Amino acid sequence: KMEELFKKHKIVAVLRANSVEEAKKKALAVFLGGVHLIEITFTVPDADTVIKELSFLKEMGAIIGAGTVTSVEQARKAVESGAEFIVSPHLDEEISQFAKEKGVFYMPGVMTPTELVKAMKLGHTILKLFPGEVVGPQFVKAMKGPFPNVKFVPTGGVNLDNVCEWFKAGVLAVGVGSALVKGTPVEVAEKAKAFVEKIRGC
């Protein structure tokens, strides 16, 4: 499921907006840009309500899932409001077991090999390289040797100049944020079409 969706689409989107309207406007803008994967991070107030309202974009063909889920109650709200996947910045055994029971694709974040191996010993083989500005481009490549069976989703410090410089190193789907979602929807929606063409280029 989610694994092959990620492999096929090749980009996610982490939306951080302050109102509960500018969320919907930028969700629509990125959709028209070409991005079918949308992540509603719970820093947006009533982000469960925002997912519930964007429900109609699942019909047109988008994928709406939570983000920055740091507690079991937040995971409860996300899975109730129809989020298709969960994303946290840190490992959480409790959230992992809950998502295992409920059958929801959970994608924890890892920074160092101890965290990484603690993850792999629990089942999640592809994780979130938070942050890909500190750890860098040469961490996933330098760590293909020891572990060649894990694939990363480098959510941090991603832009035009090094968007497929991480695809060359073997990442799945570079989750992007503030490079996209910044400005009027007519610019958010036109600047997503420059990442999607560049990812589809390399």
Whole-Å distance, taken between Cα centres, linking the stretch 96-174 and the stretch 36-82: 21 Å
Plugging the Cβ-Cβ distance of residue 160 and residue 186 into 1/(1 + (r/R0)^6) at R0 = 22 Å yields, to the nearest 0.05, a FRET efficiency of 0.70
Using the number of other C-beta atoms within 10 angstrom as an exposure proxy, rank 140, 87 with the fewest first. 140, 87
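Rounded, prolate or oblate, given the Cα gyration tensor of the stretch 98-187, with a/c below 1.5 counting as rounded? Provide the component values of the computation, followed by the final result.
Working: a/c = 2.42, a/b = 1.33, b/c = 1.82.
Cα axes put the stretch 98-187 in the oblate bin.
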Tell me the label-point distance for the pair residue 115, residue 56, using the 7 Å Cα-to-Cβ offset, in nm and rounded to one decimal. 3.9 nm
Residue 73 versus residue 133: modelled label distance in nm, points set 7 Å from Cα along the beta carbon direction: 3.1 nm
Regarding the stretch 2-201, what is the average projected area of its C-alpha convex hull, in nm²? 10.3 nm²
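Just from its helices, what would the mean residue ellipticity at 222 nm be for the chain, if runs of 4 or more DSSP H residues each count -39500 (n - 2.57) and the sum is divided by every residue, rounded to the nearest 500 deg cm²/dmol? Don't skip to the end; give the middle numbers.
Details: 7 runs with 78 residues, N = 202.
Computed mean residue ellipticity for the chain: -11500 deg cm²/dmol.
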Give 128/151; 1/168; 141/198 a once-over and call out the pairs whose C-alpha atoms are over 18 Å from each other. 1/168; 141/198
Which of the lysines could be linked to residue 25 by a straight reach, that is with a Cα gap under 18 Å, when you skip same-chain ones fewer than 8 residues away? 52, 58, 182, 191, 193
Can you figure out the FRET efficiency of residue 122 with residue 168, using R₀ = 30 Å and their beta-carbon distance, to the nearest 0.05? 0.55
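Only the coordinates and a few stated rules stand behind these numbers; no lab work does. Because the Cβ atoms are built from the backbone with ideal geometry, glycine has one as well, and the counts that use them run over all protein chains shown.
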